[PDB]
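Remarks on the structure that follows.
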2 protein chains.
Amino acid sequence: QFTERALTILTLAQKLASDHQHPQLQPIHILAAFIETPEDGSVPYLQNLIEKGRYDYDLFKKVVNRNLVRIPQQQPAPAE
Amino acid sequence: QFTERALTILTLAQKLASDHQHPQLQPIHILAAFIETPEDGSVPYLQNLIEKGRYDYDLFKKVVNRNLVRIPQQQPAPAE
């Protein structure tokens, strides 16, 4: 099972596939789910394990957004 | 090197330049490091040398925070 923080990320990932009418929920959306805001003090964005781990978040958001654009749309009901 | 208060205030200046994705770390950031919040009780901000030294500290607050906003934003690689 999931914690409130984790379940929120899961939920948001699903939300994002629906919001963007995507047929599939991908790591791109879960990555998008973490970057809720651009807040410097937020663990989901810059206090993040990814930021401190390996890939920079200014570069990260570009990767995530590029993929959200590349992933094809549906007529909302077929999302995910 | 620096002591705990000094290394921290320098670190904060450096942190601000990278958080706001600025092209250069400068006097604005170190002033911002000192002017962490509007609280006069903050030892780094008003009961500090800043109010006691005469300078109209409200001006530093407004100019410095305004400059954190006005200073051009960059990609993570050019940040700081």
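Chain labels A, B, ... are given in the sequence in which chains occur in the structure tokens; within each chain residues are numbered consecutively from 1, and ligands are likewise numbered from 1 in the order shown.
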Enumerate as an mmCIF file with N, CA, C and O atoms, in the first residue's frame the residues belonging to chain B that approach chain A to within 9 Å, with only C-alpha atoms taken into account.
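Wrote it out as result_11.cif, contents follow:
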data_model
loop_
_atom_site.group_PDB
_atom_site.id
_atom_site.type_symbol
_atom_site.label_atom_id
_atom_site.label_comp_id
_atom_site.auth_asym_id
_atom_site.auth_seq_id
_atom_site.Cartn_x
_atom_site.Cartn_y
_atom_site.Cartn_z
ATOM 1 N N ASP B 19 18.923 28.718 -7.158
ATOM 2 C CA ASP B 19 17.484 28.449 -7.058
ATOM 3 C C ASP B 19 16.689 29.307 -8.004
ATOM 4 O O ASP B 19 15.765 28.836 -8.659
ATOM 5 N N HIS B 20 17.107 30.554 -8.158
ATOM 6 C CA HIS B 20 16.389 31.472 -9.020
ATOM 7 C C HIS B 20 16.952 31.420 -10.434
ATOM 8 O O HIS B 20 16.568 32.209 -11.296
ATOM 9 N N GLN B 21 17.875 30.480 -10.662
ATOM 10 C CA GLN B 21 18.525 30.243 -11.931
ATOM 11 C C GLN B 21 19.153 31.503 -12.539
ATOM 12 O O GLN B 21 18.916 31.825 -13.700
ATOM 13 N N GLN B 74 17.961 31.588 -16.144
ATOM 14 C CA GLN B 74 18.775 30.709 -16.991
ATOM 15 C C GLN B 74 18.413 29.233 -16.876
ATOM 16 O O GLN B 74 17.582 28.842 -16.063
ATOM 17 N N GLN B 75 19.010 28.417 -17.735
ATOM 18 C CA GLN B 75 18.878 26.971 -17.642
ATOM 19 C C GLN B 75 19.783 26.501 -16.486
ATOM 20 O O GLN B 75 20.712 27.227 -16.132
ATOM 21 N N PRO B 76 19.536 25.340 -15.861
ATOM 22 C CA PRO B 76 20.362 24.767 -14.805
ATOM 23 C C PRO B 76 21.859 24.737 -15.091
ATOM 24 O O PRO B 76 22.659 24.948 -14.184
ATOM 25 N N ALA B 77 22.263 24.499 -16.337
ATOM 26 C CA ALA B 77 23.695 24.482 -16.618
ATOM 27 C C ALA B 77 24.300 25.905 -16.444
ATOM 28 O O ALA B 77 25.348 26.034 -15.815
#
Least-squares align chain B to chain A using all Cα atoms paired by position, then dump the moved coordinates as a JSON list (two decimals) with N, CA and C atoms, in the first residue's frame.
[["chain", "number", "residue", "atom", "x", "y", "z"],
["B", 1, "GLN", "N", -0.53, -0.97, 0.96],
["B", 1, "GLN", "CA", -0.77, 0.09, -0.01],
["B", 1, "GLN", "C", 0.23, 1.23, 0.12],
["B", 2, "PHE", "N", -0.22, 2.42, -0.24],
["B", 2, "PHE", "CA", 0.58, 3.63, -0.24],
["B", 2, "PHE", "C", 0.22, 4.55, 0.91],
["B", 3, "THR", "N", 1.19, 5.37, 1.33],
["B", 3, "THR", "CA", 0.94, 6.36, 2.37],
["B", 3, "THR", "C", 0.38, 7.61, 1.72],
["B", 4, "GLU", "N", 0.15, 8.65, 2.51],
["B", 4, "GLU", "CA", -0.50, 9.83, 1.96],
["B", 4, "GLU", "C", 0.33, 10.53, 0.89],
["B", 5, "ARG", "N", 1.64, 10.64, 1.09],
["B", 5, "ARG", "CA", 2.49, 11.30, 0.10],
["B", 5, "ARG", "C", 2.61, 10.45, -1.16],
["B", 6, "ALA", "N", 2.71, 9.14, -0.97],
["B", 6, "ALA", "CA", 2.90, 8.20, -2.06],
["B", 6, "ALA", "C", 1.64, 7.98, -2.87],
["B", 7, "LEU", "N", 0.51, 7.91, -2.18],
["B", 7, "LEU", "CA", -0.72, 7.68, -2.88],
["B", 7, "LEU", "C", -1.00, 8.94, -3.67],
["B", 8, "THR", "N", -0.75, 10.11, -3.06],
["B", 8, "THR", "CA", -0.97, 11.36, -3.74],
["B", 8, "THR", "C", -0.10, 11.49, -4.98],
["B", 9, "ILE", "N", 1.20, 11.17, -4.88],
["B", 9, "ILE", "CA", 2.05, 11.40, -6.03],
["B", 9, "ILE", "C", 1.69, 10.44, -7.16],
["B", 10, "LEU", "N", 1.24, 9.23, -6.81],
["B", 10, "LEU", "CA", 0.78, 8.28, -7.79],
["B", 10, "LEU", "C", -0.52, 8.77, -8.41],
["B", 11, "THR", "N", -1.43, 9.25, -7.56],
["B", 11, "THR", "CA", -2.70, 9.76, -8.00],
["B", 11, "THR", "C", -2.47, 10.89, -8.98],
["B", 12, "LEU", "N", -1.53, 11.78, -8.69],
["B", 12, "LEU", "CA", -1.24, 12.87, -9.59],
["B", 12, "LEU", "C", -0.73, 12.34, -10.93],
["B", 13, "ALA", "N", 0.08, 11.28, -10.93],
["B", 13, "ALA", "CA", 0.54, 10.75, -12.20],
["B", 13, "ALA", "C", -0.64, 10.28, -13.04],
["B", 14, "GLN", "N", -1.56, 9.59, -12.36],
["B", 14, "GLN", "CA", -2.74, 9.03, -13.00],
["B", 14, "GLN", "C", -3.64, 10.16, -13.49],
["B", 15, "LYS", "N", -3.73, 11.20, -12.67],
["B", 15, "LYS", "CA", -4.56, 12.35, -12.97],
["B", 15, "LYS", "C", -4.03, 13.02, -14.22],
["B", 16, "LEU", "N", -2.71, 13.22, -14.30],
["B", 16, "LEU", "CA", -2.13, 13.88, -15.46],
["B", 16, "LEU", "C", -2.39, 13.10, -16.74],
["B", 17, "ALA", "N", -2.27, 11.77, -16.69],
["B", 17, "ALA", "CA", -2.54, 11.00, -17.91],
["B", 17, "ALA", "C", -3.99, 11.19, -18.36],
["B", 18, "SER", "N", -4.93, 11.28, -17.41],
["B", 18, "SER", "CA", -6.30, 11.47, -17.86],
["B", 18, "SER", "C", -6.58, 12.94, -18.21],
["B", 19, "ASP", "N", -5.93, 13.90, -17.54],
["B", 19, "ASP", "CA", -6.20, 15.32, -17.82],
["B", 19, "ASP", "C", -5.70, 15.73, -19.17],
["B", 20, "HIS", "N", -4.54, 15.21, -19.55],
["B", 20, "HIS", "CA", -3.95, 15.57, -20.82],
["B", 20, "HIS", "C", -4.41, 14.61, -21.91],
["B", 21, "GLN", "N", -5.34, 13.72, -21.55],
["B", 21, "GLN", "CA", -5.93, 12.73, -22.43],
["B", 21, "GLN", "C", -4.89, 11.87, -23.16],
["B", 22, "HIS", "N", -3.93, 11.31, -22.42],
["B", 22, "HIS", "CA", -2.88, 10.48, -23.01],
["B", 22, "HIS", "C", -3.34, 9.04, -23.20],
["B", 23, "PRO", "N", -2.84, 8.27, -24.19],
["B", 23, "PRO", "CA", -3.12, 6.85, -24.40],
["B", 23, "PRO", "C", -2.48, 5.91, -23.37],
["B", 24, "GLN", "N", -1.53, 6.42, -22.59],
["B", 24, "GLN", "CA", -0.85, 5.58, -21.61],
["B", 24, "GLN", "C", -0.22, 6.38, -20.49],
["B", 25, "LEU", "N", -0.34, 5.86, -19.27],
["B", 25, "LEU", "CA", 0.29, 6.39, -18.07],
["B", 25, "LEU", "C", 1.68, 5.77, -17.98],
["B", 26, "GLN", "N", 2.71, 6.60, -17.86],
["B", 26, "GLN", "CA", 4.08, 6.08, -17.95],
["B", 26, "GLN", "C", 5.04, 6.91, -17.06],
["B", 27, "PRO", "N", 6.36, 6.57, -16.95],
["B", 27, "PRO", "CA", 7.37, 7.27, -16.15],
["B", 27, "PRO", "C", 7.32, 8.78, -16.32],
["B", 28, "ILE", "N", 6.92, 9.26, -17.48],
["B", 28, "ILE", "CA", 6.80, 10.70, -17.68],
["B", 28, "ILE", "C", 5.79, 11.32, -16.73],
["B", 29, "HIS", "N", 4.69, 10.62, -16.48],
["B", 29, "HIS", "CA", 3.62, 11.17, -15.67],
["B", 29, "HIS", "C", 4.00, 11.14, -14.22],
["B", 30, "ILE", "N", 4.63, 10.06, -13.80],
["B", 30, "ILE", "CA", 5.07, 10.04, -12.41],
["B", 30, "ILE", "C", 6.20, 11.04, -12.21],
["B", 31, "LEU", "N", 7.07, 11.22, -13.20],
["B", 31, "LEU", "CA", 8.07, 12.26, -13.04],
["B", 31, "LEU", "C", 7.37, 13.60, -12.98],
["B", 32, "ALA", "N", 6.35, 13.80, -13.82],
["B", 32, "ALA", "CA", 5.57, 15.03, -13.81],
["B", 32, "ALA", "C", 4.86, 15.22, -12.48],
["B", 33, "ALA", "N", 4.39, 14.13, -11.88],
["B", 33, "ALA", "CA", 3.71, 14.22, -10.59],
["B", 33, "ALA", "C", 4.68, 14.78, -9.57],
["B", 34, "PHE", "N", 5.93, 14.33, -9.65],
["B", 34, "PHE", "CA", 6.97, 14.82, -8.75],
["B", 34, "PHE", "C", 7.36, 16.25, -9.12],
["B", 35, "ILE", "N", 7.49, 16.53, -10.41],
["B", 35, "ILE", "CA", 7.86, 17.86, -10.82],
["B", 35, "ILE", "C", 6.59, 18.65, -11.03],
["B", 36, "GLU", "N", 5.92, 18.96, -9.93],
["B", 36, "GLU", "CA", 4.63, 19.62, -10.02],
["B", 36, "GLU", "C", 4.80, 21.02, -10.56],
["B", 37, "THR", "N", 5.74, 21.74, -9.97],
["B", 37, "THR", "CA", 6.05, 23.09, -10.39],
["B", 37, "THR", "C", 7.57, 23.17, -10.44],
["B", 38, "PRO", "N", 8.14, 24.21, -11.05],
["B", 38, "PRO", "CA", 9.55, 24.57, -11.01],
["B", 38, "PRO", "C", 10.12, 24.87, -9.60],
["B", 39, "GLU", "N", 9.27, 25.06, -8.58],
["B", 39, "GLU", "CA", 9.75, 25.41, -7.23],
["B", 39, "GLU", "C", 10.73, 24.39, -6.67],
["B", 40, "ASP", "N", 11.93, 24.82, -6.26],
["B", 40, "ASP", "CA", 12.88, 23.82, -5.75],
["B", 40, "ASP", "C", 12.47, 23.34, -4.38],
["B", 41, "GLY", "N", 11.72, 24.22, -3.71],
["B", 41, "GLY", "CA", 11.21, 24.02, -2.37],
["B", 41, "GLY", "C", 10.13, 22.96, -2.35],
["B", 42, "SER", "N", 9.65, 22.55, -3.52],
["B", 42, "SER", "CA", 8.68, 21.51, -3.52],
["B", 42, "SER", "C", 9.44, 20.24, -3.18],
["B", 43, "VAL", "N", 9.02, 19.60, -2.10],
["B", 43, "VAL", "CA", 9.66, 18.40, -1.62],
["B", 43, "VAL", "C", 9.72, 17.30, -2.67],
["B", 44, "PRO", "N", 8.64, 17.07, -3.45],
["B", 44, "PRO", "CA", 8.63, 16.21, -4.62],
["B", 44, "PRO", "C", 9.55, 16.61, -5.80],
["B", 45, "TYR", "N", 10.01, 17.88, -5.91],
["B", 45, "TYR", "CA", 10.78, 18.25, -7.11],
["B", 45, "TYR", "C", 12.30, 18.41, -7.04],
["B", 46, "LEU", "N", 12.85, 19.36, -6.26],
["B", 46, "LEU", "CA", 14.34, 19.51, -6.32],
["B", 46, "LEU", "C", 15.08, 19.21, -5.07],
["B", 47, "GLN", "N", 14.60, 19.71, -3.92],
["B", 47, "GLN", "CA", 15.27, 19.37, -2.65],
["B", 47, "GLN", "C", 15.04, 17.87, -2.35],
["B", 48, "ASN", "N", 14.24, 17.28, -3.22],
["B", 48, "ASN", "CA", 13.93, 15.90, -3.42],
["B", 48, "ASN", "C", 15.18, 15.13, -3.82],
["B", 49, "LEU", "N", 14.97, 13.86, -4.11],
["B", 49, "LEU", "CA", 16.01, 12.99, -4.57],
["B", 49, "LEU", "C", 16.47, 13.42, -5.96],
["B", 50, "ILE", "N", 15.57, 14.08, -6.70],
["B", 50, "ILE", "CA", 15.88, 14.52, -8.05],
["B", 50, "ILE", "C", 17.11, 15.44, -8.19],
["B", 51, "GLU", "N", 17.26, 16.52, -7.40],
["B", 51, "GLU", "CA", 18.49, 17.30, -7.55],
["B", 51, "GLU", "C", 19.63, 16.65, -6.80],
["B", 52, "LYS", "N", 19.33, 16.12, -5.63],
["B", 52, "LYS", "CA", 20.38, 15.58, -4.79],
["B", 52, "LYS", "C", 21.05, 14.34, -5.38],
["B", 53, "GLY", "N", 20.34, 13.65, -6.27],
["B", 53, "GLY", "CA", 20.84, 12.45, -6.92],
["B", 53, "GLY", "C", 21.76, 12.70, -8.14],
["B", 54, "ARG", "N", 22.10, 13.97, -8.48],
["B", 54, "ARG", "CA", 23.00, 14.32, -9.62],
["B", 54, "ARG", "C", 22.34, 14.68, -10.97],
["B", 55, "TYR", "N", 21.32, 13.94, -11.39],
["B", 55, "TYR", "CA", 20.67, 14.13, -12.69],
["B", 55, "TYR", "C", 20.36, 15.60, -12.95],
["B", 56, "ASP", "N", 20.61, 16.09, -14.17],
["B", 56, "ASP", "CA", 20.33, 17.48, -14.42],
["B", 56, "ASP", "C", 18.84, 17.68, -14.47],
["B", 57, "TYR", "N", 18.30, 18.02, -13.32],
["B", 57, "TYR", "CA", 16.88, 18.20, -13.12],
["B", 57, "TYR", "C", 16.20, 19.15, -14.09],
["B", 58, "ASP", "N", 16.95, 20.08, -14.71],
["B", 58, "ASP", "CA", 16.33, 21.01, -15.63],
["B", 58, "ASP", "C", 15.87, 20.21, -16.84],
["B", 59, "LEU", "N", 16.63, 19.15, -17.15],
["B", 59, "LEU", "CA", 16.35, 18.27, -18.25],
["B", 59, "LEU", "C", 15.08, 17.51, -17.93],
["B", 60, "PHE", "N", 14.96, 17.00, -16.70],
["B", 60, "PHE", "CA", 13.71, 16.30, -16.40],
["B", 60, "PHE", "C", 12.54, 17.23, -16.56],
["B", 61, "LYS", "N", 12.66, 18.45, -16.07],
["B", 61, "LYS", "CA", 11.55, 19.39, -16.16],
["B", 61, "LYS", "C", 11.15, 19.63, -17.60],
["B", 62, "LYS", "N", 12.13, 19.95, -18.44],
["B", 62, "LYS", "CA", 11.84, 20.24, -19.82],
["B", 62, "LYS", "C", 11.38, 19.02, -20.60],
["B", 63, "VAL", "N", 12.01, 17.88, -20.40],
["B", 63, "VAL", "CA", 11.63, 16.68, -21.12],
["B", 63, "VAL", "C", 10.27, 16.19, -20.71],
["B", 64, "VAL", "N", 10.03, 16.15, -19.41],
["B", 64, "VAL", "CA", 8.77, 15.67, -18.89],
["B", 64, "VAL", "C", 7.62, 16.57, -19.27],
["B", 65, "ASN", "N", 7.74, 17.88, -19.06],
["B", 65, "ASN", "CA", 6.62, 18.72, -19.42],
["B", 65, "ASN", "C", 6.43, 18.72, -20.94],
["B", 66, "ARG", "N", 7.54, 18.73, -21.68],
["B", 66, "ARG", "CA", 7.47, 18.66, -23.13],
["B", 66, "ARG", "C", 6.77, 17.38, -23.54],
["B", 67, "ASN", "N", 7.08, 16.26, -22.88],
["B", 67, "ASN", "CA", 6.42, 15.01, -23.20],
["B", 67, "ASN", "C", 4.95, 15.04, -22.82],
["B", 68, "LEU", "N", 4.56, 15.77, -21.78],
["B", 68, "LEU", "CA", 3.12, 15.78, -21.51],
["B", 68, "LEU", "C", 2.42, 16.40, -22.74],
["B", 69, "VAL", "N", 3.08, 17.37, -23.37],
["B", 69, "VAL", "CA", 2.57, 18.00, -24.57],
["B", 69, "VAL", "C", 2.70, 17.10, -25.83],
["B", 70, "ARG", "N", 3.86, 16.45, -26.01],
["B", 70, "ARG", "CA", 4.14, 15.59, -27.17],
["B", 70, "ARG", "C", 3.39, 14.26, -27.19],
["B", 71, "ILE", "N", 3.12, 13.69, -26.02],
["B", 71, "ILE", "CA", 2.42, 12.42, -25.97],
["B", 71, "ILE", "C", 1.04, 12.65, -26.61],
["B", 72, "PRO", "N", 0.63, 11.82, -27.59],
["B", 72, "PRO", "CA", -0.61, 11.95, -28.33],
["B", 72, "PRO", "C", -1.79, 12.14, -27.44],
["B", 73, "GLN", "N", -2.71, 12.95, -27.91],
["B", 73, "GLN", "CA", -3.94, 13.25, -27.20],
["B", 73, "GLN", "C", -5.01, 12.27, -27.69],
["B", 74, "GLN", "N", -5.93, 11.90, -26.81],
["B", 74, "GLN", "CA", -7.00, 10.93, -27.06],
["B", 74, "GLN", "C", -8.38, 11.40, -26.64],
["B", 75, "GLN", "N", -9.40, 10.62, -26.99],
["B", 75, "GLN", "CA", -10.75, 10.87, -26.51],
["B", 75, "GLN", "C", -10.82, 10.39, -25.05],
["B", 76, "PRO", "N", -11.75, 10.89, -24.22],
["B", 76, "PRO", "CA", -11.95, 10.46, -22.84],
["B", 76, "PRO", "C", -12.01, 8.95, -22.63],
["B", 77, "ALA", "N", -12.60, 8.20, -23.56],
["B", 77, "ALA", "CA", -12.66, 6.76, -23.37],
["B", 77, "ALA", "C", -11.23, 6.14, -23.44],
["B", 78, "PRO", "N", -10.40, 6.47, -24.47],
["B", 78, "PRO", "CA", -9.00, 6.07, -24.56],
["B", 78, "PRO", "C", -8.04, 6.87, -23.67],
["B", 79, "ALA", "N", -8.51, 7.91, -23.00],
["B", 79, "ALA", "CA", -7.61, 8.63, -22.11],
["B", 79, "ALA", "C", -7.10, 7.68, -20.99],
["B", 80, "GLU", "N", -5.83, 7.85, -20.62],
["B", 80, "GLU", "CA", -5.10, 7.13, -19.56],
["B", 80, "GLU", "C", -4.87, 5.63, -19.84]]
- Query: Can you list every residue in chain A that DSSP puts in helix (DSSP H, G or I), as JSON, numbers by chain?
  - Reply: {"A": [4, 5, 6, 7, 8, 9, 10, 11, 12, 13, 14, 15, 16, 17, 18, 19, 27, 28, 29, 30, 31, 32, 33, 34, 49, 50, 51, 52, 53, 57, 58, 59, 60, 61, 62, 63, 64, 65, 66, 67, 68, 69, 70]}
